[PDB]
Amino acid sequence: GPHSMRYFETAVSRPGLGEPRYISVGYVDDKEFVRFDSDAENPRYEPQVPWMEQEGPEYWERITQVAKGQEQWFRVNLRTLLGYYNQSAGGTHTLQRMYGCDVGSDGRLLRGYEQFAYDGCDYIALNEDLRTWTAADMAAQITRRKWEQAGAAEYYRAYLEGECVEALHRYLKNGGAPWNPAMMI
């Protein structure tokens, strides 16, 4: 049958209480199989299922480093959205990124995802073509313009059609955001 991998990245700015809390959870099919927390005593990716504990320490070391880098990716874009909406830097705000892929019985890609939400409302999302974007408001339309100009959609498209399919096939044995300034919010 068909399968699905899905990651959820949430960053919540706590003004005066330190740098925003970063959390990343993963879902193979529809089971939470991995999880990262920045407020943990030893912040790293953790296996949330017994069948992921078989992975070597090299694997966990690699995927953790991405999250710690993604944590830096979100703190920067939180500053941007703070200015885009003309909000004060003394309030709490949340930036969310959802991505993953649906596959078929063949094993090939069926649908890729790349969605961004701010304060619980939709912002910008990758279309089914994996080439165009759908913006929610005017501020996101400003974001889409530079993303179509830089071709940020082709960054994720290689992931969704690539290792996202491959990593899903791997976990069934029973990545991050671009750092091009124009490809940012």
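Start at 1 with the first residue shown and count on from there.
Per the PDB record, of the two stretches 40 to 48 and 153 to 161, 40 to 48 carries the greater mean B-factor over its C-alpha atoms.
The stretch with the higher mean CA B factor, choosing between 22 to 30 and 130 to 138, is 130 to 138. Per the deposited record, 106 carries the highest C-alpha B-factor of all listed residues (114, 102, 71, 106). When all modelled residues of the chain are sorted by CA temperature factor, residue 167 is found within the middle third.
When all modelled residues of the chain are sorted by CA temperature factor, residue 94 is found within the lowest third. Ranked within its chain, residue 67 lands in the highest third, by CA B factor from the PDB record. Residue 145: CA B factor in the highest third of modelled residues in this chain (values from the PDB entry).
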